[PDB]
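Chains as they are written, first to last, in this note's numbering: chain A, 210 to 297; chain B, 47 to 126; chain C, 17 to 215; chain D, 1079 to 1212.
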Amino acid sequence: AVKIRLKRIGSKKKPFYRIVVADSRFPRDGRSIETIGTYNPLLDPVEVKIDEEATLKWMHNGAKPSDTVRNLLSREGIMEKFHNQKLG
Amino acid sequence: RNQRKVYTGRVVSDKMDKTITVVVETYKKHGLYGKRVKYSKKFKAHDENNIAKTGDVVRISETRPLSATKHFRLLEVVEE
Amino acid sequence: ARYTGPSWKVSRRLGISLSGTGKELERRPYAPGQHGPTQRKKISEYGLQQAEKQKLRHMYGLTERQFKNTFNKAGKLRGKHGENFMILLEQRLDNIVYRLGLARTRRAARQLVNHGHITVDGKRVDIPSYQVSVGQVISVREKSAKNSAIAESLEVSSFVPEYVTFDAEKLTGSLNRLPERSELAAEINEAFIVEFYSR
Amino acid sequence: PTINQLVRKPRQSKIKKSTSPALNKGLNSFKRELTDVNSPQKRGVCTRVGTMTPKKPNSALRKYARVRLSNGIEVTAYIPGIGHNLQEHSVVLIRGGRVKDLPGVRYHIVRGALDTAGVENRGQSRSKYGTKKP
RNA sequence: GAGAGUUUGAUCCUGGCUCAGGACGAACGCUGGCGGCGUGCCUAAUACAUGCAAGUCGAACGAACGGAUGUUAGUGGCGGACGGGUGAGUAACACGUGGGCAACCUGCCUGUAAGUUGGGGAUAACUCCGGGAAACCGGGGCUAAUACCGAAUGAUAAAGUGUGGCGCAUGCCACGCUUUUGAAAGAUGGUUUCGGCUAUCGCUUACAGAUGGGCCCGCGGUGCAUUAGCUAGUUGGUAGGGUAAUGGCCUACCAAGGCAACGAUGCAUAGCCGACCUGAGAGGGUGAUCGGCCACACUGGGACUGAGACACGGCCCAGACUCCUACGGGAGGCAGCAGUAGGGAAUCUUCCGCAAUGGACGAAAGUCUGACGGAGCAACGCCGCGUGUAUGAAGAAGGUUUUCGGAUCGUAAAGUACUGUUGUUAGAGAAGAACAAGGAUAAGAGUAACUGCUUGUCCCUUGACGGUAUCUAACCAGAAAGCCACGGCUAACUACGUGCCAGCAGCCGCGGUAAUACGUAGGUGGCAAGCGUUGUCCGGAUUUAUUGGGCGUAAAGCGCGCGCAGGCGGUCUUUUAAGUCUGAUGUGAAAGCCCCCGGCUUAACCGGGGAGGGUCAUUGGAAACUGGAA
Ligand SMILES: [K+]
Ligand SMILES: [Mg+2]
Ligand SMILES: [Mg+2]
Ligand SMILES: [Mg+2]
Ligand SMILES: [Mg+2]
Ligand SMILES: [Mg+2]
Ligand SMILES: [Mg+2]
Ligand SMILES: [Mg+2]
Ligand SMILES: [Mg+2]
């Protein structure tokens, strides 16, 4: 499959995550197709940056998210957005 | 459309059947000591009718493979 | 501290008062050891430049690896290399402690900030190697305020520089503005150092 | 030279020789063929032990051992320091270093690594000659 | 863009040798306190003791177990081709960069348009029989399906075609008619009236896309000519078959070409790159860790299965090697994670957990994952912190030395005051956690409507690390410093002992009875939880000189000519645009170097953003110079 998921980066006991487009097959920190955001769970508000237009695009092409990437999208208001574009 | 590669050169032989060999001859810069070197490189051109001859200036263009060696085609005969 | 040895012989070896003001040197300025009063020798280019380095890094009391990393880091800054290095070397926290004068010398300042008897920006910092910059306060932990070493070491203050402020009612001070090689003490050349590291 | 000369043949630098050729060769019993591998130290078995008369200007006797290394090369190794433990069929560890007094020696014996027992009675430079601290 | 020492009686040049810096996957010697981040078989792609690394679905199927849920050994589906390992081979479209495919494929993912109609025959499991210790094998009989095989209706699949618009020759795109083929399946759930209808998970056909692959091509990157010829399906063509697809890919027939001093062929070497180290830069060396691509899974070959393999933990066969046996016959491939032996100067625990991130299966709960998170060991490296702080004298005892007066170790100690980074003791105790599923509900599209689906908001929920970091108090200077050198090069000198002996040494060189060069003590210098030696790489080395050298005498002009090839080429006009120069577009991944911000008590480290980098390619311009032409 083609998936939207998390790329683990940073250091030990202090993770950071890039939000990435990739195949199911490729490795966790291997290659990708395009990276479109970042994530950090450490902070009291988790800090998310997403482009959202490429993200809508990859979803329209059928790149599905993970669970946590889905809920990041929904708490950013992007899954409502994508449903709204599926309405027509 | 997307476009293909085209080159110009000179003919060296005619013994082959419905084809020729076009030698391209370009100056280019020696990697370290900076001088210009005569780089040459011959290709096999697909001659649909055995038109061209030896001593002929010619233009070719690439295409699907047509033999073990050919990948090009005669496009024009610029100057005999 | 990092250097746990005696103090006076270094100043003697270097021909400059470091870790004091004539304390070590005004009696027998000559070099320590079997030799120094009996004879002296003429000292070479290498030795002079080296001795300049020594006068910096034993004035501040830090390892040579750390010292050279500080050199190379200061090398980035736009300006005169050794001036930038001297002012950053002053911009270390130990300096600011000793200039505020809650302790009588660099090594005591290091011990203070090692046990974390001070707090930058309100927060704790237990390292002598912190870098202060313009506007950062510093305090005495609100808990190490009455202790006799500080209470007796604040009785002395040779002169407060013009790039620091201090309120002893609070025991709170701060760096004002970065010096430029005239606010400081100026018993050094800042060029033989860069020679010695450039060869 | 002319540039055309330099194109017809580019330059060719010098072929560097090593101070320590025999450290820079490994062996595998299988292939029975030496394999170039940069190595700092090698262990060996003392074939012979003896003394040497060195060059002019000097005259003191110099202790050496003819060793067969792990890789099969036979090598003369100086035995630095006062007195030693070594004799025939003694195992020894070997570092590089050239005895300028002595013609056929190019390497030293690390003292204190193996059956080369440390020097007696030494107090200074102990890390060399391999005496513990007392 | 730093130089220093060393040839001589001395000098200048030439020329070599060494040194001062930086870096290591390092080893070794002496010593050794801690924390954070990292790194750790480079050698025998040598051999493997053992354990675990690929399973899953009961909402596909039948049987058995069971007091309706649940479980299973089997048939079936998907995945096993990912992830993980190593660098053997490989000098080539293998890799990088940039294009091309009108000459090509693509399960799972998304969307669009249609359709899941009716039947058949078996086969495991099971039960028996015989064999065999037993597994496990056969032979008979019974049996279910989302397993298999038929049909009707449906091809933007073929064949016959005709029209429109076109490209780059082979040709492409769109439309329509005729003829000939090609499909399927159910499961769960609700509702309804019982026929029906119907959500989701699946199935079949076509189309698009995305993603993943495949073929071709330009150029680029290694030494040897003490290796000059090589090739014979080899080169082209006409027919034919073959692949997902072009093509001597293969076959038959015809011709005899083709490549190559612009280094072919052959030998040895090597995975390639991003990038790493060094350097003023050009360049030199490397291809550990991280990412990409390639290749290979004891060696060799071959296929089947499948969307995808000629398959690490599949098959067959040959070969080597090994293991168990009841001696009849069976089984196997650690370059998966640990680990063992061996080799070696040398490199880790036979650890915990799927909490996280990601993958396989599943409707999902969940299961699986030596991927991955973590923890362990090694001072292997980078950073950080200590091993006390202050005060305290003409200056204790002692050591060294004494020019026997003193000088020095030395404010060091003692003594006094103070602190608790660390250590210890007792207490507290975060992040990381998002969710998923389930329970509620609010809106949608779609429904006869329900179920369901999608989305919004709440509730609930689960931590290996780990009672780890972190934080509070109490107690104690208490338990926490060693290595190298001291003639010059190069920082730092005395005493004794020895007597060309013992011994030192990177170069020069020391030691033959007054040794700052050996050994020791004191003192000093440089570093410091590391220091030094060895090995390797760059520089310095303009010592391979493109930048950037030279040949009268120092090394260096063939003994001289005739001359093929090549290199280089007088003055002017026109023409071009091969080279050159130039504007635009596209790309040169992330990480790394560089710059700017932020976060870890700073640092190391980590994040964000930008920049750079190509003899890069296409397209469009100039004609001064080189080149081509008249
Ligand atoms: K062929
Ligand atoms: Mg190899
Ligand atoms: Mg250079
Ligand atoms: Mg397999
Ligand atoms: Mg295996
Ligand atoms: Mg292993
Ligand atoms: Mg003597
Ligand atoms: Mg001569
Ligand atoms: Mg990049």
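All C-beta atoms in this analysis are idealised placements derived from N, C-alpha and C, irrespective of residue type, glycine included.
- Within chain D, the C-beta atoms nearer than 9 Å to that of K81 (chain B) come from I1081, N1082, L1084 and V1085, in chain order.
- Here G98 (chain C) really is in contact with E206 (chain C); their C-beta atoms are around 3 Å apart, less than 8 Å.
- For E40 (chain C), the number of other beta carbons within 10 angstroms of its own is at least 16, and it is reported as buried.
- Listed along the chain, the chain B residues whose CB falls inside 9 Å of the CB of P1118 (chain D) amount to none; the nearest CB is some 35 Å away.
- Less than 9 Å separates the beta-carbon of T1194 (chain D) from that of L1164 (chain D).
- The three-state secondary structure of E1198 (chain D), taken from DSSP, is coil.
- The alpha-carbon separation between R47 (chain B) and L265 (chain A) amounts to approximately 30 Å.
- In the DSSP assignment, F225 (chain A) falls within the unbroken beta strand (DSSP E) covering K223 to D232.
- Proximity of chain B to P1088 (chain D) at the Cβ level (cut-off 8 Å) is accounted for by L78 and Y79, in chain order.
- If you ignore the 5 residues before and after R110 (chain B), its C-beta comes within less than 8 Å of the C-beta of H117, all in its own chain and listed in chain order.
- If only uninterrupted alpha helix (DSSP H) runs of at least 4 residues are considered, none is enclosed by the region 72-103 of chain B.
- Straight across, the Cα-Cα distance linking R1173 (chain D) with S160 (chain C) is about 57 Å.
- Remark: C-beta atoms of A91 (chain B) and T65 (chain B) approach each other more closely than 9 Å.
- Annotation for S149 (chain C): no beta strand (DSSP E) segment contains it, and DSSP assigns it neither H nor E.
- Burial state of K61 (chain B) is exposed, judged by a 10 Å Cβ sphere holding fewer than 16 other Cβ atoms.
- The continuous beta strand (DSSP E) containing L215 (chain A) extends over residues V211 to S220.
- Counting C-beta pairs closer than 8 Å gives three or more between the region 70-85 of chain C and the region 29-39 of chain C, which meets the contact rule.
- In the three-state DSSP reduction, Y1207 (chain D) falls in the coil class, being neither helix nor strand.
- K51 (chain B) and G77 (chain B) have their C-alpha atoms spaced approximately 25 Å apart.
- The beta carbon of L116 (chain C) is closer than 6 Å to those of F182 and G189 in its chain, skipping five residues each way along the sequence.
- Sixteen is the threshold: when 16 or more other Cβ atoms of the shown chains lie within 10 Å of the Cβ of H133 (chain C), as they do, the residue is buried.
- In this structure, the alpha-carbon of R217 (chain A) lies about 55 Å from that of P1158 (chain D).
- Secondary structure note for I1187 (chain D): its beta strand (DSSP E) is the uninterrupted segment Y1185 to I1187.
- Across the set C:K25, C:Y19 and C:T37, the C-alpha of C:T37 shows the shortest separation from the C-alpha of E203 (chain C).
- Excluding residues up to 5 positions away in sequence, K216, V229, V230, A231 and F235 lie with their Cβ nearer than 8 Å to the Cβ of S241 (chain A) in the same chain.
- Each of D:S1107, D:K1133, D:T1131 and D:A1100 was checked against the Cα of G1122 (chain D), and the nearest Cα belongs to D:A1100.
- About 6 Å separates the Cβ atoms of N192 (chain C) and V180 (chain C), confirming a contact at the 8 Å cut-off.
- Closest in C-alpha terms to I154 (chain C), from the list C:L170, C:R140 and C:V136, comes C:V136.
- Here the region 107-114 of chain C makes contact with the region 136-153 of chain C; the two share three or more CB pairs at distances below 8 Å.
- In this structure, DSSP gives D253 (chain A) a state outside helix and strand, which the three-state scheme calls coil.
- For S198 (chain C) and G49 (chain C), the gap between their C-alpha atoms comes out near 35 Å.
- The alpha-carbon separation between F101 (chain C) and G151 (chain C) amounts to approximately 20 Å.
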